[PDB]
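What follows is one structure encoded as structure tokens, with my remarks underneath.
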Amino acid sequence: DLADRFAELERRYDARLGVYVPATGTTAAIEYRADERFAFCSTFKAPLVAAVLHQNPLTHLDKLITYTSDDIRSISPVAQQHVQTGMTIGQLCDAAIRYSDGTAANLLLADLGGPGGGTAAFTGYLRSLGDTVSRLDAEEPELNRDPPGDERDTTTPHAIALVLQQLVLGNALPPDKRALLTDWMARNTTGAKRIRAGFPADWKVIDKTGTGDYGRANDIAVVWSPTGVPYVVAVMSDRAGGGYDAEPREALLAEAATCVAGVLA
């Protein structure tokens with residue numbers, strides 16, 4: 001019956017909806033197009049900082065990185081202000097998650113090294129968690145512009161949700177590094193109108209957003225019920241029917257999250 005509401009929301013916005021919530025001890029798994037490929041967009045910026053944290057000691061966060069105005073190639077609210085001073089690896093992680101800074105994302109990919117500016121090393125990290133589906137092939141901002149049907153720079157709600165589960169609720173990272181990831185996602189500034197807007201205020205929400213062309217709008221989150229039970233929620237969408245210039249619809253992601261909150265209640 002819940003699958004009839006998601007398809008109802010798809011009718012209302014000219015959209016394709018993808019939803020996955022991992023199953024817990026007391027609740028079954030929610031799935032709607034869970035194994036269909038959607039574009040990463042800015043969703044990869046959360047597991048990316050976990051990759052840098054995984055391969056480096058906490059002192060690596062103090063290394064200063066220098067760049068020029070010809071490295072700013074996408075939406076970068078933070079990197080545009082430090083082209084003279086430079087930014088530490090620590091501040092690059094902070095800006096990449098809480099402000100979705102595109103330039104900080106590309107610099108962190110260079111910090112992972114390897115061919116393709118780090119895209120190979122990053123995908124290798126997801127394979128190490130058990131994700132044999134997701135893949136990153138380009139950098140910002142080209143990773144947001146792959147045509148519909150192309151597998152480059154794509155994931156699925158099923159795959160990214162299980163990866164997020166290991167990073168926040170599992171042991172993919174030691175506690176010291178795990179507390180840095182969670183706090184940054186908890187002080188996000190870009191997701192006020194998506195998953196967060198669909199859940200009651202007494203539910204705690206941490207999230208990382210994504211947006212691109214063809215009306216692509218994503219949000220991945222970990223939520224806590226008022227009593228303290230955790231869940232993982234992945235919601236992705238696009239509107240390829242309207243072409244390259246289709247506008248993303250945030251209200252669709254908020255309304256779908258309300259439907260999830262009704263079942264978990």
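In the neighborhood of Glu250, defined by Cβ-to-Cβ distances under 14 Å, what is the net charge if each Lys or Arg adds +1 and each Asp or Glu adds -1?
Taking every other residue near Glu250 into account, the sum is +2.
Among the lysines of the chain, pairs at least eight places apart or on separate chains and with Cα atoms under 24 Å apart come to 10.
Please give the FRET efficiency for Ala201 paired with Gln81, using the beta carbon to beta carbon distance and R0 = 30 Å, rounded to the nearest 0.05. Once the sixth-power term is evaluated, E becomes 0.40. Considering helices alone, the calculated mean residue ellipticity of the chain at 222 nm is -11000 deg cm²/dmol, with DSSP H runs of length four and up weighted by -39500 (n - 2.57) and normalised per residue. Placing one equal scatterer on every Cα of the chain and applying the Debye formula, the log10 ratio I(q)/I(0) at q = 0.10, 0.13 Å⁻¹ is -0.47, -0.80.
Per 0.36 nm of contour for each residue apart, how much would the distance between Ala28 and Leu2 grow if the chain were fully extended, relative to their Cα-Cα spacing?
Separation in residues times 0.36 nm, less the Cα-Cα distance, equals 8.1 nm.
Quick one: net charge around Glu10, please, counting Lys, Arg +1 and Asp, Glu -1 for every other residue with C-beta under 13 Å from its C-beta. Result for the local shell: +1. Placing +1 on the Cβ of every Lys and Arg and -1 on the Cβ of every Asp and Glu, with nothing else charged, gives the chain a dipole about its Cα centre of roughly 520 debye. Using the Cβ of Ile220 as centre and a radius below 14 Å, the other residues enclosed give a net charge of +2, where K and R count +1 and D and E count -1.
Using a/c under 1.5 as the rounded threshold, could you call the range 183-235 rounded, prolate or oblate? The axes a ≥ b ≥ c are square roots of the C-alpha gyration tensor eigenvalues, and prolate needs a/b larger than b/c, oblate otherwise.
prolate
A full extension of the chain between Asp150 and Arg187 corresponds to an added length of 10.0 nm, given 0.36 nm per residue minus the alpha carbon distance. Ordering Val233, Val168, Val260 by the number of other Cβ atoms within 10 Å of each residue's own Cβ, fewest first, gives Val168, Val260, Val233.
Of the residues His82, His60, the one with the fewest other Cβ atoms within 10 Å heads the list, and the complete ranking is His60, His82. I want to make sure I understand the PRE zone here: with the label point 7 angstrom from the Cα of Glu36 toward its beta carbon, which residues in the range 1-27 have backbone N atoms less than 18 Å away? Label zone hits: 1-21.
Quick reminder, even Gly has a Cβ in these numbers, built from the backbone with ideal geometry, and neighbours come from all protein chains shown. Read-outs: derived from the displayed coordinates by stated rules, not from any lab.
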